Amino acid sequence: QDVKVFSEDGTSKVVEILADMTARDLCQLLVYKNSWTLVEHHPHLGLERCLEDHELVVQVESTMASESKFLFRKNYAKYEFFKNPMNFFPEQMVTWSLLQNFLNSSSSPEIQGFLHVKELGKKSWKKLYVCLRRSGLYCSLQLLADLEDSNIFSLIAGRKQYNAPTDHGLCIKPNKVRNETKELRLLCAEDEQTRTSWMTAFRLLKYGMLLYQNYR
Amino acid sequence: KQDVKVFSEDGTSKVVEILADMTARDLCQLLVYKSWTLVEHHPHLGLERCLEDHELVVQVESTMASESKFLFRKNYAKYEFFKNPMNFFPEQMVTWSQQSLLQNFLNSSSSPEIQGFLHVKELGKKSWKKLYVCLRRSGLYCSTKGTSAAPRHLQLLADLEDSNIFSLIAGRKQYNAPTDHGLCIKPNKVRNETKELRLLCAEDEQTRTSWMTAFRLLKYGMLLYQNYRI
């Protein structure tokens, strides 16, 4: 019911939320007293993630670790896919059999391209061709990870902590994983544009119609 | 670019040009511009269902038989659970597993448990039996020993994947239903065959609404909360 929120400064305030409050509720509760976002921030894991506008703040709070923080900041690229779906993904990154397809939870989207992949426990990376399906994450197929009860996070520490090949790292973390770090599957894109697309892709697969309604 | 026929409570019918991305609430607003709800009405099956606001009209339309109709009526009870969640479900009808109420229903990782007596019709036959019924994300079960929800005492009745919950309009006459308060889990693939219909009968209206709400809550989850908050 009491939630602590850090601004980019390092300043923080404690606010009382009702359990029925979404991420955008809290954002509006902070603007009083559409670009604003809450970040689920894990320094120990080196992982962060914007909450989707609709996410119950109480749900996310229940999977927070000791040092985990809520950050309150702006995000000006919030629904870049919904603003221009046709020219968002690089040619032949996503294959079917376009907007409605991602929103239909019956569809079978294949998301494919090269990524560096970190092996669990060790700080060693191998450049594997990767495929993303509703059924999970594969490398060209060997089942890397399941998508049940999970979320996609961008890597913040990257280079220094995990020895990432690029700064543009990302990770699919199961919500059951809290203070574990050896059991993390970390990935790396060659640039920012490709990380953004992979993250949008997962979010579209997991959240689907929820995201579109958020955008309206 | 698609035509669809919508029937009103007046008895009137209008053919409306729908786009492939229109939601039920977009159609309703388009019809108001001329609380409201679209209904998936199956006369031959004796089934009906209000579409949730977010559903794509075209999607539902393609899963329709010849005789099926879209109705357009008012529904002032669309989200009664959300208005008073702590007091919507009768005592001990709803419990939770894998625990170390709104939040639980909206968390797709939760293990909801919905329990109670219902009349259950046997597949493809007009014969009923009162049973202790147990709903989970993994399916609809009934107890083979009184009110024991033990796994060893649960018999799987219906898978829930790729299906929807329907109100039973046919009722007493068509299926020899024990009460007026019937519902049905219809698998989406069904067109004309009644044989794979899973019919249920509650003892009263409130009990029926409770089960359907729970079904809807399990199927749609957070989407329904979005819809409630427009």
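A note on names: the letters A, B, ... follow the listed sequences, proteins ahead of strands, and every chain is numbered from 1. The analysis underlying the following values was restricted to heavy atoms, covering all of them including side chains, and did not include hydrogens, waters or symmetry mates.
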- prompt: Charged N to carboxylate O under 4.0 angstrom, A/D25 versus B/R229?
  reply: yes

Rounding to 0.5 Å, atoms OG (A/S105) and CG (B/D162) come to a distance of 9.0 Å

Between the CD atom in A/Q59 and the CE atom in B/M222, the distance rounded to the nearest 0.5 Å is 8.0 Å

Query raised in the report: Would you say A/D20 and B/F82 make side-chain contact, with heavy atoms under 4.5 Å?
Result: no

The reported gap from CD in A/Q213 to CG in B/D53 (rounded to nearest 0.5 angstrom) is 8.0 Å

To the nearest 0.5 Å, atom CE of B/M22 lies from atom CD of A/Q100 at 12.5 Å

Whatever's closer than 4.5 Å to a heavy atom in chain A on B/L106 counts as side chain

Interatomic distance, CG@B/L56 vs CG@A/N104, rounded to 0.5 Å, equals 7.5 Å

Checklist entry - CG of B/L156: more than 12 outside heavy atoms within 6.0 angstrom? => result yes

